[PDB]
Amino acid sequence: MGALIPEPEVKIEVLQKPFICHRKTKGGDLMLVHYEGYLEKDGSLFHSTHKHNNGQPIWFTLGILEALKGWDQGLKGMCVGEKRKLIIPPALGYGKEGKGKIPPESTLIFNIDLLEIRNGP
């Protein structure tokens, strides 16, 4: 019974949220983020800015399917200084194909810290 199968959806946990919030992310915003990505099955790290990007954060454009679908679903309405944990099912991650350090059908965990927001083009 297909009718009882829900659409894949990210679980969002807010790990840290500052008292201050001047601005929340919206579609087209540039987000400066640190992240750590883990495999849910064993908790092992597969990619992080800290380890795989020489300790440097990266820019991500929200809401244009620039990266994982789960990122677009999980990073809206976020303020600078906020840290979220996303549990991303494979259909919103790397799917049946997987990639590189990610096997097919992997559930993923991302801890993502928002450092800065800028206007997008």
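Heads up: residue numbers just count along the shown sequence, starting at 1.
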TODO: Determine, for stretches 40-48 and 62-70, which one has the higher mean CA B-factor as deposited.
DONE: 40-48
Task: Higher-B stretch (mean Cα B-factor, as the entry records it), 8-16 or 104-112 - done: 8-16
- [ ] Sort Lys85, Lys96, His34, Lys26 by C-alpha B-factor from the entry and give me just the highest.
- [x] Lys26
- [ ] Pull the Cα B-factor of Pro89 out of the PDB entry and bin it into the chain's lowest, middle or highest third.
- [x] lowest
